[PDB]
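Novice: For now just these chains, pulled out of the complex without moving them:
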Amino acid sequence: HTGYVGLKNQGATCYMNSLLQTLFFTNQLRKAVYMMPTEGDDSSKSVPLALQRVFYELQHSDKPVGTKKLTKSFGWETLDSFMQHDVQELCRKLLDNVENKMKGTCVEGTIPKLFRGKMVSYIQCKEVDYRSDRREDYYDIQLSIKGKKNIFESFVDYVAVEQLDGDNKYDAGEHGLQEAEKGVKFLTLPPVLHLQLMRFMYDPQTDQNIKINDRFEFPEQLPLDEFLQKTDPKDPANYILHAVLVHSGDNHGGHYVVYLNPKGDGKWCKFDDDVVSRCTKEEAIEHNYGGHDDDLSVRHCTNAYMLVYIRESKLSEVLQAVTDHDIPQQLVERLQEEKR
């Protein structure tokens, strides 16, 4: 009786339902999705309309919500598609599509406003006075966890330099090939931070794709100011944990659930397809750290693979109220006629 409805288990879509709940509870995104001008869209083919439909139903249905029209619209109607692409690839596919649909509309730019950060990728030559700084956008951060205790250590790893030498010297223009270091620096962190935790890796000694079930700690409140090039005293890069996407299994399948505190108040719920239940903070956070390798139960293979954080100064905008008045009447009427 949480007031949050679930999604049907309609096949082998792995992380999909977890991602859909996470995006639905990104309220500012949900509101913008409702404003997309989809009146000309073919239902079979339109990802924008299909997301409007799923969100509308998550907002209004008292029964579990189906996704078959959604998977049809983006063309992943087989397990193989979800096995070959990861959760952030699906996220990027969905977000790129709705971003394009919002161009020229009243909600243009919602996706980059919410999710896009700025970094500099730099190459510094070690023995000539030459540095190339290139600005890059990012929409998520892939964190390495093997050998890392916690998010801090993973961020340190992320910004560690790579050596360009040997057969990988840097092309420094008039200087020719040069020994160099390559790294990234964070200029901004976005309001909504998607951190993907690399829970599978290639083991170089065995040529195998292995599961990492190790303990990897993440906090409910995450300070990141020290990873920025310049901080703002009025807007520290303090992040609040919003969602924990969890996988149980040592292979690329099994059971997927998401833990959310939709309001950002630390009151957590577990979203397990059609069953949404209140849970403790430990069930959402510490129980998903990993590190139960001696344990012969499913606990050994249950851990987080993606985290969503929201910047504290942006919480009220990101999680702004969404009302029925935010859904255009024409859209409601279209979706209601389809349910028949």
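Specialist: That came through fine. Residues are numbered from 1 along each chain as shown, chains lettered A, B, ... in the order given.
Novice: Helix, strand, or coil at the spatially most central residue of chain A?
Specialist: In chain A, the residue lying closest to the centroid (CA atoms, centre = their mean) is residue A:194, at 3.9 Å. With DSSP: H, G, I helix; E, B strand; the rest coil as the basis, residue A:194 sits in strand.
Novice: For it, give its distance to residue A:165.
Specialist: 33 Å (CB to CB, to the nearest Å). Backbone N, C-alpha and C define where each C-beta goes, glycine included.
Novice: And residue A:172, by the same measure?
Specialist: In terms of CB to CB, residue A:172 sits 12 Å off from residue A:165.
Novice: how about the nearest residue to residue A:183 once chain neighbours are set aside, what does it touch?
Specialist: Among residues not flanking residue A:183 along the chain, residue A:161 sits closest, at 4.1 Å (CB to CB, 6 or more residues apart in numbering). Residues in contact with residue A:161, defined by CB atoms under 8 Å, 6 or more residues apart in numbering, are A:181-183.
Novice: Of those residues, select the buried ones using a PyMOL command.
Specialist: To isolate the buried members of these in PyMOL, using 16 or more other CB atoms under 10 Å:
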select buried, chain A and resi 181
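Novice: if we take the contacts of residue A:161, which one ends up nearest to residue A:64?
Specialist: Minimum distance to residue A:64 across these is 46.3 Å, recorded for residue A:183 (CB to CB).
Novice: doesn't the closest one fall inside a strand?
Specialist: Yes - under three-state DSSP, residue A:183 falls within a strand.
Novice: just checking, it touches residue A:131?
Specialist: No - the pair residue A:183 / residue A:131 is not scored as a contact, 11.0 Å apart, by CB atoms under 8 Å.
Novice: So for those two, which residues contact both of them?
Specialist: Taking CB under 8 Å, 6+ apart as the contact rule, residue A:183 and residue A:131 both touch A:122, A:124.
Novice: continuing past the host helix or strand of residue A:96, what's the next helix or strand?
Specialist: Using DSSP states H and E, residue A:96 sits in helix A:87-102. Per DSSP H and E, the first helix or strand lying C-terminal to helix A:87-102 is helix A:110-115.
Novice: next one is chain B, place it on the structure:
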Amino acid sequence: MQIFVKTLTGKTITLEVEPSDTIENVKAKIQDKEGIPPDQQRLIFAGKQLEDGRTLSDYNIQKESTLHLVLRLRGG
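Specialist: Adding chain B to what we have so far:
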């Protein structure tokens, strides 16, 4: 122009390419340099898997861009 590729072990390699190179040509160049069979290679840029028959120019991949080699089975 020179681009970078991060391999599955985290090593960054350089590659000499042209904007007109198809992605499968890039995979051939990765095989030439690193020995990785193209059939094992999956490349990501800007958060999406690159299509073998499209070009670096099609993806706006410019000098000093970094591509990522990723596992064939990475989802669920």
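Novice: Give me the contact list for the helix holding residue A:96.
Specialist: With contact meaning CB atoms under 8 Å, 6 or more residues apart in numbering or on different chains, helix A:87-102 is reached by A:14-16, A:18-19, A:23, A:32-33, A:35-38, A:47-48, A:51, A:74, A:76, A:82, A:108-112, A:115, A:139-140, A:142, A:194, A:196, A:245, A:305-306, B:44, B:46-49, B:75-76.
Novice: Only the buried members of these: can you turn that into a ChimeraX selection?
Specialist: A single ChimeraX command selects the buried members of those (16 or more other CB atoms under 10 Å in any protein chain shown):
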select /A:14,15,16,18,19,23,32,33,35,36,37,38,47,48,51,74,76,82,110,111,115,139,140,142,194,196,245,305,306 /B:44,46,47,49,75,76
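Novice: quick one: residue B:73 and residue B:42, what's the gap?
Specialist: For residue B:73 relative to residue B:42 (CB to CB), the value is 10 Å.
Novice: How about the residue in chain B that chain A sits nearest to, nearest residue that isn't a chain neighbour?
Specialist: For chain B and chain A, the shortest gap (CB to the nearest CB) falls at residue B:76, measuring 2.9 Å. Counting by CB to CB, 6 or more residues apart in numbering or on different chains, the nearest residue to residue B:76 once its immediate chain neighbours are dropped is residue A:14, at 2.9 Å.
Novice: Could you double-check that the one you found lies in contact with residue A:258?
Specialist: No - look at residue A:14 against residue A:258 with CB under 8 Å: they stay out of range, at 11.9 Å.
Novice: which residues sit in contact with the residue of chain B most remote from its centre?
Specialist: The centre of chain B is farthest from one residue, residue B:76, which by CA atoms, centre = their mean lies 22.9 Å away. Applying CB under 8 Å, 6+ apart to residue B:76 gives the contacts A:14-15, A:82-83, A:87, A:247, A:249, A:252-254, A:256.
Novice: Now intersect those residues with the strands, please.
Specialist: Using DSSP state E, the members of the contacts of residue B:76 that fall in strands are A:247, A:256.
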